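Q: Below: one structure in structure tokens.
Positions of Cβ are generated from backbone atoms using ideal geometry, with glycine treated the same way; all protein chains shown enter the neighbour counts. Please treat every number below as a calculation from the coordinates, not as lab data.
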Amino acid sequence: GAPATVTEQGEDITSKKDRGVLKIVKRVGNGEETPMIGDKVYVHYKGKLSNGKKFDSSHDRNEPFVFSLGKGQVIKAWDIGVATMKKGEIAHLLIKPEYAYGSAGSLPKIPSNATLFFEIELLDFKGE
Ligand SMILES: COc1cc2cc(c1OC)O[C@H](C)CCn1cc(nn1)CCCOC(=O)[C@@H]1CCCCN1C(=O)[C@H]2C1CCCCC1
């Protein structure tokens, strides 16, 4: 599946090189610019537990998910991963618990020590 392909072929985009956040680019974006901390970022995404037991989609709102990068509005893996993406890019991320919800988890929706998978489309980003 997509998660196994990321485990085997995905690029380790963590500073520590601890394989906590693995990325495959699925569709190449436009320009060389990736967003800065503070930037308002617009995405579509699908996400799941790597077990597949809970599935979440911005598409089911029919509206993009918007957040400010690097302000801890999202799990650490998103601040790291979306920061590497270009306008128009689609990427897959596989995420160890340390860069998501950790040992505590986020019950009842996310269990302790959960690995997460996302597909993310970067639609746009705009300066603060
Ligand atoms: C732990 O709680 C949730 C996790 C996730 C979705 C959740 C959620 O309930 C708050 O439903 C919301 C209704 C969706 C809108 N949204 C985004 C965030 N907060 N709300 C941003 C903060 C929390 O989410 C995250 O940081 C990540 C990245 C951004 C998209 C959503 N994220 C998730 O972790 C999903 C999660 C993915 C795996 C399957 C279960 C849902």
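Q: Starting at the first residue of region 4-16, write each ³J(HN,Hα) from the Karplus equation 6.51 cos²θ - 1.76 cosθ + 1.60 with θ = phi - 60°, in whole Hz, x for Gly and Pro.
A: Rounded to whole hertz, the list is 5, 5, 6, 3, 7, 10, x, 7, 7, 9, 7, 5, 6.
Q: Let me ask another. Label region 1-66 by shape, choosing from rounded, prolate and oblate, from the square roots a ≥ b ≥ c of the eigenvalues of the Cα gyration tensor; if a/c is under 1.5 it is rounded, and otherwise prolate applies when a/b is larger than b/c, oblate when it is not. Write down the numbers at each step before the final one.
A: Numbers: a/c = 1.75, a/b = 1.05, b/c = 1.66.
It comes out oblate by the Cα gyration axes.
Q: So for the chain, averaging the separation of alpha carbon pairs under 8 Å that are six or more residues apart and normalising by length, what relative contact order in percent results? Please list the in-between numbers first.
A: Details: 293 pairs, mean separation 41.7, N = 128.
Result for the chain is 33 percent.
Q: Something else now. Positive end of the dipole of the chain, charges at C-beta (+1 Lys, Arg; -1 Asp, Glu), about the Cα centre: which of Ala83, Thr7, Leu69 has its Cα farthest in that direction?
A: Final value for the positive-end residue is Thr7.
Q: At 7 Å along Cα-to-Cβ for each site, give me the label-to-label distance between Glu128 and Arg27 in nm.
A: Rounded to a tenth, the inter-label distance reads 3.0 nm.
Q: Still on this structure, I have one more. Of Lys23/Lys86; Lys16/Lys54; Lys17/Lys87; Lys54/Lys76; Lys71/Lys96; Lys48/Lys126, which ones are farther than 23 Å apart at the Cα? Walk me through the numbers before you get to the answer.
A: Working: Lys23/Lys86 13 Å; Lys16/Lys54 29 Å; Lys17/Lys87 25 Å; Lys54/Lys76 20 Å; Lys71/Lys96 20 Å; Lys48/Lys126 27 Å.
As for pairs spanning more than 23 Å Cα to Cα, those are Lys16/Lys54; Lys17/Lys87; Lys48/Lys126.
Q: Here is a further query. For the chain, what log10 I(q)/I(0) values come out of the Debye formula at q = 0.22 1/Å, with one point per alpha carbon and no solvent?
A: Each listed q maps to, in turn, -1.47.
Q: Using label points projected 7 Å from each Cα along Cα→Cβ, tell me how many nm separate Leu107 and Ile37, to one decimal.
A: About 3.4 nm, to one decimal.
Q: Oh, and also: On the Cα set of region 32-73, report Rg and Dmax in Å, please.
A: Over region 32-73's Cα set, Rg and Dmax evaluate to 12.7, 36 Å.
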